[PDB]
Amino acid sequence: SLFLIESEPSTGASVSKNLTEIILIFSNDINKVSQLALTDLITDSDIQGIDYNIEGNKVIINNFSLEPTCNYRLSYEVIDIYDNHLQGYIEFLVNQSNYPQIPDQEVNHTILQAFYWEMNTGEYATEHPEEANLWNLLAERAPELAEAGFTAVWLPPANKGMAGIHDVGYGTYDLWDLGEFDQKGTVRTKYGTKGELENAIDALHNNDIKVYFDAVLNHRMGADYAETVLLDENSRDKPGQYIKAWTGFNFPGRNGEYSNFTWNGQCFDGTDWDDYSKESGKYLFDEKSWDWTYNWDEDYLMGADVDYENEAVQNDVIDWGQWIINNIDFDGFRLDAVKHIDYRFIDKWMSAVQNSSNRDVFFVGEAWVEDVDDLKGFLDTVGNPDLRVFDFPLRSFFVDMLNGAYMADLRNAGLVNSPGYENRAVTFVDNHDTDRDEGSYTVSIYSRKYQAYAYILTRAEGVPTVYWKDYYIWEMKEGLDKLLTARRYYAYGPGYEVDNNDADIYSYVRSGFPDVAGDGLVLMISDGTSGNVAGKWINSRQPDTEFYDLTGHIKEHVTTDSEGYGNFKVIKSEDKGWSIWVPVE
């Protein structure tokens, strides 16, 4: 049977105006091309002078000159070598070639979560061997990351972990060993050596991209030795009993370089394993107490739990964070499990690190709290104005959307919309905990994921994060790149909600800067599935201006009137239910 195997470009693709040919590849060798046309869908003219050439089962069409921003359809009719006839078409959109000129100091900020759980495991290792050396790979990709829009990269924890070469990096062993010493069975971390890391940092900075460290400060695991520890009488398990606790860390492969501090029982409030009885529980150590946290009794999570009331421990961890910034030249931190750590210490440390250099260091805590008011309360409890947090409250709306949400309520969802708190929000759709193969803590955002990135990426407040697994592994890049273009070049000036959202459609306006030509945008996202195009009368804030949809989904333009209003459009489907309308000039 006759049918199109594939094409270049693929249907729905966005291409350069420098594209010279289109190739269609069919299932049988071709005999005739009876009909063929390349149509500009906006002015409805077929381009004259196009040419073609048959090479067995492929057909190559050329001899045209594409216009930036236009939408095109290539129509065909072919007859194969068995006298089968086939009628079809592909369509596409041509990138803009003169984008708005946004001054450096004002370009939007965007972050890449540069990892996922299963990297270099299973079939991931097979299909993506480049990811066996991530530090090397980032140095390599830095230029194209910069071209994509990214201004920062959050790295996985870069220090040695208890699982050695297999530690995704949360099993924290030695913070001062960035893949440089023979510890835990490897010299390198899972991601590469210290050298490679330093090299990656330079490359990234070379292309104007910031580098954040994923600081895991809550616990330690992988002790060099065990000690006999008496448990406090108000311990929840085995009160007043002697246990054998893995609490001795001397880091022998490192031999005192950078810091000669060593760890024992007196550096921890407790642990979750007793090697006499071989039994888990939650074991508080004699005369220790859990540190002050936002919610009651949330200091213990896993591992030997660090005692941040201990001054010698406080002082080493403050030194390390100054080193990461001023010596190894990182630009900021993600704070892991930030709600299980003495909030007095998080403020003290953030402040000591920040005051230590003139660069304006950047801090985002993982405080996994899904109500906005709880999360506000957390940020008020810590009391450090530099602390931003991931917007788990907003992601809860994206989980709602999996089976249908009330789309109008996006006007008020997340920290990113709490007056007084909007710019402390780091917004995101998934991550290594929310989307993982086995053992995941929640359901991933497996449907309407593009609608969700389109929302965070176009928004005037917060700083959005793209998940590596989404961009490179799940095959969403082509789509994501169009939304990164929107953010890089168009998502500027005031934001405006509109007055006609509903159960199924949310729209939003960026007016553009008033002294930059050609910027601004109108977003429409939808949870509709009816399969049809739908319009909304919106004020764009740009009178008498021609707009087009840079997603390529709608093949019309919209010209605003003397007040700025136009009837902008979206497709009601899971799969294409996002459109970003921007100016043609």
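Counting begins at 1, following the sequence as shown.
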property	result
Mean temperature factor over C-alpha atoms, higher-scoring stretch between 89-97 and 243-251	243-251
Which of 63-71 and 537-545 has higher mean CA B factor, as the PDB entry lists it	537-545
Candidate set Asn260, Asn500, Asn384, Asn295 [ranked by C-alpha B-factor, highest]	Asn260
Top Cα B factor in the deposited entry, candidates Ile525, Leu550, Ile47, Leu521	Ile47
Cα B factor band for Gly122 (lowest, middle or highest third within the chain)	highest
Chain third (lowest, middle, highest) by recorded CA B-factor, residue given as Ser511	middle
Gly321 - Cα temperature factor, lowest/middle/highest third of chain	middle
Cα B factor band for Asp435 (lowest, middle or highest third within the chain)	middle
Ranked against its chain, the third holding the CA B-factor of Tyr455	lowest
